[PDB]
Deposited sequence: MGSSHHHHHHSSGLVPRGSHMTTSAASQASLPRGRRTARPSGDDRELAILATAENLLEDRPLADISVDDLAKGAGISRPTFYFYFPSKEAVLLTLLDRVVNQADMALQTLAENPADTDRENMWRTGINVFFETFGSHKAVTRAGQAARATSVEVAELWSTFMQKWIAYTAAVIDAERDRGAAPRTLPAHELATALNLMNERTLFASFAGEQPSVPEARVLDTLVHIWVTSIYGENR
């Protein structure tokens, strides 16, 4: 029933650890899920739709975790960046394949865009509240500062996870981001 959908998703994430989406066939996903190819087509219209569902789940998991946190200043930001570091860090294969699919899937590009706008708006609201209580100085427009900081974390977190040359080592990427966020949000 639903456990069949879940088996297809788990198979896909498992195979994506090994190869790109280009080198995984519906036949591949059907076999690992223990179903036939036409049964697979009952649950998903394409291998692309499988990835989109995985990414949606990972992105919603980071988002929910950030809402949970939301509901010292350096430590507050570190805890928030850490939600993304851990969530996407725990699903590296999906992260890497989802980021690649942005260039070829409008639904993936729109999903990413929607959540980026949400995370940027949350970041700017917190900066504004810090400015309101007199802990942060009124320097750049908060939304513009939030946008560049979130774009930084996207590129840098994901370069690290994929082992890009160049990238910050994964064991140093959290301290690196937190320094840049704290000095740029609080720095006069």
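Asker: Point out each run of deposited residues with no C-alpha coordinates, keeping the order of the sequence.
Answerer: Those stretches are 1-41, 113-117, 235-236, listed in order.
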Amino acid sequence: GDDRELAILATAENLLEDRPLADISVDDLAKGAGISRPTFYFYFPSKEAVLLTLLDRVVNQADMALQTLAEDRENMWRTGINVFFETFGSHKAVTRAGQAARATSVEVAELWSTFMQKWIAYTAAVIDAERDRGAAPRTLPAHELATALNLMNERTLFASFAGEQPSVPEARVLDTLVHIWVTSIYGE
From here on, numbers count along this sequence of modelled residues.
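Asker: Comparing average C-alpha B factors as deposited, tell me which of 20-28 and 168-176 sits higher.
Answerer: For C-alpha atoms only, the mean B-factor is higher in 20-28.
Asker: Which is higher in the entry, the mean Cα B factor of 37-45 or that of 140-148?
Answerer: Looking at the record's C-alpha B-factors, the answer is 37-45.
Asker: Looking at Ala125, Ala62, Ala70, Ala162, which one carries the largest C-alpha B-factor according to the PDB entry?
Answerer: Reading the PDB entry, the winner on C-alpha B-factor is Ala70.
Asker: In this PDB entry, which of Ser105, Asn82, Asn75, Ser90 has the top CA B-factor?
Answerer: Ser105 has the highest C-alpha B-factor of those listed.
Asker: Name the third of the chain's ranked CA B-factors that contains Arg133, choosing lowest, middle or highest.
Answerer: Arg133: CA B-factor falls in the highest third of its chain.
Asker: Where does the C-alpha B-factor of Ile8 rank in its chain, lowest, middle or highest third?
Answerer: Middle third.
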